[PDB]
Amino acid sequence: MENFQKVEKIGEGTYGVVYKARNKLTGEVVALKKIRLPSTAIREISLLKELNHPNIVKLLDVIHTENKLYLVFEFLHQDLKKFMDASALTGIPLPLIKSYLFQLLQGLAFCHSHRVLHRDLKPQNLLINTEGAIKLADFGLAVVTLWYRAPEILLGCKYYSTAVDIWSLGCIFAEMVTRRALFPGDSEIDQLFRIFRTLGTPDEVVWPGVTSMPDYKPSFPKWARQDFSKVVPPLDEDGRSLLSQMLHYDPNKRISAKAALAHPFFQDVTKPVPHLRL
Ligand SMILES: Cc1nc(C)c(-c2ccnc(Nc3ccc(N(C)C)c([N+](=O)[O-])c3)n2)s1
């Protein structure tokens with residue numbers, strides 16, 4: 001750590017604190033994540049150094065020293081959360097939302113093809129640059145925001161799939177469109193019941209095996225499903241159809257990132273330049 005000079009704090013996640021810092025040996029500006037302290041973890045995190053893609057924030061180095069683990073990432077100038085807040089009055093232009101969703105699906109199709117799951121996607125770990133790119137940051141291993149958590153995780157599935165990332169990305173897609181979080185729960189049950197109130201309480205018909213899930217209770221209230229036309233206006237039919245497939249209850253029915261890339265919603269995708277204030 002003698003080679004790094006902290007500039008300022010940029011985040012505080014579940015695992016640790018993220019700082020903007022300068023590398024004294026190269027002059028590079030980086031995002032440095034400090035985890036306060038697992039040999040299996042050092043090896044798995046070191047494997048993430050090889051996982052390089054244009055839509056993945058580069059993990060430059062993993063430094064294990066003095067009962068701390070430091071992850072050195074490339075630095076990006078803004079997160080999606082700051083951009084969504086900056087764009088709250090006007091909305092993010094639809095061609096930019098579509099570009100960002102397309103790029104994030106490319107990043108997920110890549111990581112998922114290598115059996116790497118993120119498990120905690122949220123606007124704070126989606127990073128953007130001035131050129132129109134957006135990248136996924138800080139993949140997880142096998143106050144906390146629950147807003148983007150897949151229903152199978154809330155219902156106690158410990159052996160979940162890559163479908164958890166598609167669910168989170170669908171929630172973020174809805175939020176870019178409407179400028180409001182889709183399911184802003186403030187407890188595990190509030191989060192689950194907010195999902196049920198919009199998509200209907202799941203049953204064996206739409207999700208086989210749901211009633212045998214560890215935290216499923218037969219006493220859950222039975223709410224009817226709402227129409228997406230009411231949930232994400234003014235998203236067109238291609239966008240609402242894609243979103244509905246990203247939010248299927250059954251992880252096995254939920255669209256994959258690869259299949260989502262071929263969706264007709266992306267027929268006219270372009271790569272616009274965002275209006276960034278840094
Ligand atoms: C939760 C996070 N984990 C990682 C690893 C993160 C990461 C990785 C690479 N670049 C960045 N840049 C970043 C993030 C957040 C901000 N806010 C202060 C808006 C900014 N800004 O300049 O403002 C830059 N963050 S952010």
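Just so you know, ligand 1 is whichever comes first in the structure, and atom 1 is the first atom listed for that ligand. Just so you know, these numbers use all the heavy atoms, side chains as well, and skip hydrogens, waters and symmetry mates. Positions are given from 1 along the sequence.
- Neither the backbone nor the side chain of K33 comes within 4.0 Å of ligand 1, counting heavy atoms alone.
- In terms of protein heavy atoms, atom 9 (C) of ligand 1 is closest to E74 O, 3.1 Å.
- Scanning the protein heavy atoms around atom 21 (N) of ligand 1, the nearest turns out to be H77 O, 3.1 Å.
- Under a hydrophobic clustering in which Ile, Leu, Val, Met, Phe, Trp and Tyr are joined whenever their side-chain heavy atoms come within less than 4.5 Å, directly or via other members, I189 and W223 fall into the same cluster.
- Ring centroid separation for the pair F220 and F193 comes in under the 6.0 Å cut-off.
- Counting heavy atoms closer than 4.0 Å to ligand 1, residue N125 contributes nothing at all.
- Residue contacts with ligand 1 for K82 involve side-chain atoms from C-beta outward but no N, CA, C or O (heavy atoms, distance under 4.0 Å).
- Regarding atom 11 (C) of ligand 1, its nearest protein heavy-atom neighbour is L127 CD1, 3.5 Å.
- Set against the non-hydrogen atoms of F73, the atoms of ligand 1 under 4.0 Å away are 5 (C).
- Counting the atoms of ligand 1 from 1 in the order shown, those under 4.0 Å from a heavy atom of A31 are 7 (C), 8 (C), 9 (C), 10 (N).
- Within the 4.0 Å heavy-atom shell around ligand 1 one finds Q124.
- At a heavy-atom cutoff of 4.0 Å, ligand 1 is contacted by no atom of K20, backbone or side chain.
- Looking at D165 and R119, no side-chain N of the basic residue comes within less than 4.0 Å of a carboxylate O on the acidic one, giving no salt bridge.
- Using a non-hydrogen distance threshold of 4.0 Å, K81 does not register as a contact of ligand 1.
- Between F266 and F102, the angle of the ring planes lies from 30° to 60°, which puts this pair in the tilted group.
- For atom 18 (C) of ligand 1, the candidate residues are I10, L32, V7; the nearest heavy-atom contact is made by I10.
- The shortest distance between side-chain heavy atoms of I172 and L101 does not fall below 4.5 Å.
- Between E175 and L182, every side-chain heavy-atom pair lies at or beyond the 4.5 Å cut-off.
- The shortest side-chain heavy-atom distance between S229 and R240 falls under the 4.5 Å cut-off.
- Protein heavy atom closest to atom 3 (N) of ligand 1, with residue, atom name and distance, is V18 CG2, 3.7 Å.
- Between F173 and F265, the gap from one ring centroid to the other is short of 6.0 Å.
- The cluster map of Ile, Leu, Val, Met, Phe, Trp and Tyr, joined by side-chain heavy atoms under 4.5 Å apart, puts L278 and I128 in the same cluster.
- Of the listed options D79, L80, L76, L76 places a heavy atom closest to atom 13 (C) of ligand 1.
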